[PDB]
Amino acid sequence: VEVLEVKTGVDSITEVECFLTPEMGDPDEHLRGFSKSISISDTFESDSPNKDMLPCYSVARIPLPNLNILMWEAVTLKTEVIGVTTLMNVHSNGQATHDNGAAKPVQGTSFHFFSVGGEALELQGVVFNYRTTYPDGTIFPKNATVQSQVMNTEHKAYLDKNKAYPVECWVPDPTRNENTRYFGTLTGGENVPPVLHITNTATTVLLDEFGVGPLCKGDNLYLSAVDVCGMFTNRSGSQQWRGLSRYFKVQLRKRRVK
């Protein structure tokens, strides 16, 4: 596509506003937003995580007003993690930090990630341990070899289904994704404190170095997210991932292309 002028006028702009719920595993009817308690395999060879123990990428495909050549161009993003103050519940079946103390709050490894694109997020598969057996009902790197622990170019995929692509074995493919803007931070360590900021005054500009945002193929906007905030420790010491929803507001304009 050769990119030409922006359309102007009342009709030329539109907005998407929505939220993506986290997909942490949801091990039972009371534990939406949590994973199953984490168990550790006896050996590398025997690593076989159950689906409800594996956080997955969230994705939404948002239909835009039909245009047809014009395409919707995503220009700005406001985004926020929803429910940050829930982590102040340190009185609910947790593990006391010391005798008579409050419960240990959610903490430890986090991944906060979001993207806005004009097509599905492109994924590259990378595994901690290539002998991990990923479970039925997930989509994972197939024919994994030892080289998959560092880089195996066979593992290419699209983030095209919710509750399906486990976080731990996929990343945005930096060799593609030219029509998407993605941003993420993995903060490791078992004791790391969550640090969650909220404001309605911050905008991210989605334009590239040529002044062009993601262009929405087939008039669909793709939003993706992961917000694994840390782990919740219950009184037994067992730990579960806890996630939160992410708010998106995207402003778009119509752009002519050839």
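By rigid core we mean the largest C-alpha set that fits within 1.5 Å across both forms. One rule holds for the numbers: they count along the sequence shown, beginning at 1.
After superposition on the rigid core, the larger root-mean-square Cα deviation in 5 other deposited structures of this protein belongs to 40 to 48, not to the other of 53 to 61 and 40 to 48. Across the other compared structures of the same protein with both neighbouring residues present, residue 68 lacks coordinates in at least a third. Coordinates are given for every deposited residue between residue 199 and residue 200; the gap count there is zero. In this crystal structure, the stretch out of 107 to 115 and 132 to 140 whose C-alpha atoms carry the higher mean B factor is 132 to 140. A summary of the deposited B-factors shows that, of 249 to 257 and 1 to 9, the stretch with the larger mean C-alpha value is 1 to 9.
When the Cα B-factors of 230, 65, 213, 33 are read from the PDB record, 65 comes out highest. Per the deposited record, 95 carries the highest C-alpha B-factor of all listed residues (177, 76, 95, 86). In the PDB entry, a CA B factor belonging to the lowest third of its chain's modelled residues is recorded for residue 185. Residue 162: CA B factor lies in the highest third for its chain, per the PDB record. Ranked by Cα temperature factor within the chain, residue 39 sits in the highest third according to the deposited record. Split the chain's modelled residues into thirds by C-alpha temperature factor. Residue 223 is in the lowest one.
Among the modelled residues of its chain, residue 69 has a C-alpha B-factor that falls in the highest third, as given in the PDB entry.
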